[PDB]
Structure formats: structure tokens, C-alpha cells
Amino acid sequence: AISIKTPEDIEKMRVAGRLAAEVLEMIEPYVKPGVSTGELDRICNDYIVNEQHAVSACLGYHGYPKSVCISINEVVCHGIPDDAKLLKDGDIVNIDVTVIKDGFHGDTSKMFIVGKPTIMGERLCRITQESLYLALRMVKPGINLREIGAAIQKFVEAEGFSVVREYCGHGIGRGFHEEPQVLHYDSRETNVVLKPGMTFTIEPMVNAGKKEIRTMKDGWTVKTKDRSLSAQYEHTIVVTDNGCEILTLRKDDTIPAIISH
């Protein structure tokens, strides 16, 4: 049973969402060749705790060891920050942030292109973000999640890319992952009609190559089976009366915070 949020709770979601977004805005300057994913994590955690007076929702979740997930190139998600893993020219990197503030969660992520961008890493990130934007434009009461998943997949595959099946968007509030599940592809199992007040995430994972993925033996790191590049972008939203409001919008986003139909 999916739950609706109250006006007060939604305001708290705006705050946690903004904080999540601001972590990504803060870290951007440090995302350069030579930096380790470990340092970036410590920077993010220090900021979340000492500046935002919030806490990382990832730290300890199901035993997660770090504060943010950092995934590079062929790594699909849940990449673990490490003091020896350095970023280099050409790399595409996702920093996945989740913060809890005043009891509510804010969840978002984006891609960063390191050094000189390559046409393909550049193209994969742009298409991935557009697939998120396209889905965000469909959000309004009355529409079924299945349609949104359908549209993301059709857009993505038309570009020669593939949509990761194992992971999905999700309801969010006082809990990290609440109902419903938000698939980024068409599924006969999906039947959820949006309603005002619902809060969830949209976070498509797109592979340049095949959809198949393999988990590493650290029990967390997920890579593409064919070792092709993978990209992801995420935003937390609240369904409004005639559309939705992006709670994790950043200065660099090129979509309106409030989407009115």
C-alpha cells in the first residue's frame, strides 16, 4: 500500500532533497583527475554532518561501508569509495547521495565527466539524463508507472543503449526504500496509478552495451557483464495536483523544478 505525504512532511522532503542536491553541487570542484573516490567520500560526509547537520542514509544501510556511492565507467552502481581508486582523464563517474534530515530522506545522483570528455561517455550521460527528464515530464496524477517505465526504455533502446533491469526507482520518505517500485522499462507486473502527495525517485541505469550485470566479490560493487560503460541520474520528486515538483533539483539541471501541465 503506497502512502501519501502531508504538507508538513513534503516541506521536510524539500529540505532533505535540497541538502542531497547541495552535496552534489559542493563536490563538483573536487571531481578532477588524480582524486581518489575515498577522499571525495570523506569530503561529502564531513559536509553532510558538520555543515548540513544531517546524516548519510547510505552509511550502514544493509551494512554499506561508506557515506556515498561512487561508480566509475563500467561500474553500474554501489561503487565503494576507496583511498586508492583514483579518477583519470576520460572517466565518467556517478556520485550517489542520500541524506536524512529531520527524519526524511533526499535521494539523488548525477554523472561527472572527468578531464577531456569522450564523445561516447558524453553521449551516454546526456541520453541517460534525458531519459530521466522525459519520465519526469510524464509525472502527474492518473498516469500509470508502467507508461513511464515504457517510455524510458523505448527512448534508451532507440539510442542503441540498454536499461538495467535489476535496480529501480522507489517510494521514499521516513524510509530509504518504500513502495512503490519504479521500473525504468515496461513490465506486466507494474500497475501503479500516481496520486497527489506520492514521493518517489526515478533513477534509470543505462548501459552502452548489454543490460546484463555482475556483482563483484566485495558484495557491493556492480559492473556491466560485458564491461561496457554505464550511467545513471536520479531525482526525488513529489507528485502534485497536475504534475510534480523535483525536490533534488540542482543549479546545473536543465529542467524546471516545478513541472506544470
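All residue numbers are counted from 1 along the displayed sequence.
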**Request:** Report the stretch with the higher mean CA temperature factor, choosing between 214-222 and 196-204 on the basis of the entry.
**Result:** 214-222
**Message:** Highest mean C-alpha temperature factor of the two stretches 240-248 and 14-22, which is it?
**Reply:** 240-248
**Asked** With respect to the C-alpha temperature factors reported in the PDB entry, which of 107, 157, 91, 166 ranks highest?
**Response** 166
**Request:** Would you mind ranking residue 232 by its C-alpha B-factor against the rest of the chain and naming the third, lowest, middle or highest?
**Result:** lowest
**Prompt:** Based on the entry's values, in what third of the chain does the Cα temperature factor of residue 121 lie: lowest, middle or highest?
**Reply:** highest
**Prompt:** Would the CA B-factor of residue 130 place it in the lowest, middle or highest third of its chain?
**Reply:** lowest
**Asked** Where does residue 115 sit by CA temperature factor within its chain: lowest, middle or highest third?
**Response** middle
**Asked** If you rank the chain by CA B-factor, which third does residue 70 end up in: lowest, middle or highest?
**Response** lowest
